[PDB]
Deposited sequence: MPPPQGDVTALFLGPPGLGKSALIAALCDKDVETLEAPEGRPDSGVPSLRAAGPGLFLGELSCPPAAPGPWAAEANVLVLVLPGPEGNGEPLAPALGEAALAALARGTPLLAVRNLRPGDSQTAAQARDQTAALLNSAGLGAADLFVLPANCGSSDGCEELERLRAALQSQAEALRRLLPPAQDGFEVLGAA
């Protein structure tokens, strides 16, 4: 009877809102702003920077990292976001990672996967389930949708309903 919140955290400009809309476009409800992605599951996103990821990730029942490729300014996993992901893992929060490729990227889906898988592993986040959406996005997107839904099916029994503690007039 509980409601699950998956938060997508990562740099600005990576299309996290459109990713959430794409994930929710094929859901019955379509017939921080949270969007329902099937019963019991809400998806939200926060750009980090500038938000400090730690306090938000602490509220995520599922944590989804959204990461850029190597071409980007800086490096794909900022220290505070890596530390927040390690804290989620330590407490048993399911961890997912996404590379949302987009037209004219230096990387094939295969290269982005291999390099991002290696980066995550090297940062102690090897247990993250990695999704690499092609520029054309698809099979990976549907795998992400189903992984989010199945992680959420399992967590509902640990979590109160959203109304918990509210006097519903």
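**Message:** Need the unmodelled segments of the deposited chain, numbered from 1, in order.
**Reply:** Several stretches lack coordinates - namely 1 to 4, 36 to 46, 153 to 157, 190 to 192, in sequence order.
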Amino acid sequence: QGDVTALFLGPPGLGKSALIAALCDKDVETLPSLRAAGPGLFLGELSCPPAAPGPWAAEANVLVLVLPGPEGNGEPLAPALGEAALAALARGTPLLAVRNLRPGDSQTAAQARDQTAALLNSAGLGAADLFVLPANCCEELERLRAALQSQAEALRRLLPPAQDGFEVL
From here on, numbers count along this sequence of modelled residues.
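**Request:** Would you determine, from the values in the PDB entry, which of 94 to 102 and 75 to 83 has the greater average C-alpha temperature factor?
**Result:** Higher of the two, by average CA B-factor, is 94 to 102.
**Item:** Mean Cα B-factor comparison, 33 to 41 or 60 to 68, giving the higher one as deposited
**Value:** Comparing 60 to 68 with 33 to 41, the higher mean C-alpha B-factor belongs to 33 to 41.
**Asked** Out of 135, 118, 112, 52, which one has a C-alpha B factor higher than all the others in the entry?
**Response** It is 135.
**Among modelled residues of the same chain, the CA temperature factor third for residue 14** = It falls in the middle third of the chain.
**Item:** Modelled-residue ranking by C-alpha temperature factor, third containing residue 168
**Value:** CA B-factor rank for residue 168: highest third.
**Asked** Looking at the C-alpha B-factor of residue 159, is it in the lowest, middle or highest third of its chain?
**Response** Its C-alpha B-factor belongs to the highest third of this chain's values.
**Request:** Place residue 28 in the lowest, middle or highest third of its chain's C-alpha B-factors, as listed in the PDB entry.
**Result:** Highest third - that is where residue 28 ends up once the chain's C-alpha B-factors are sorted.
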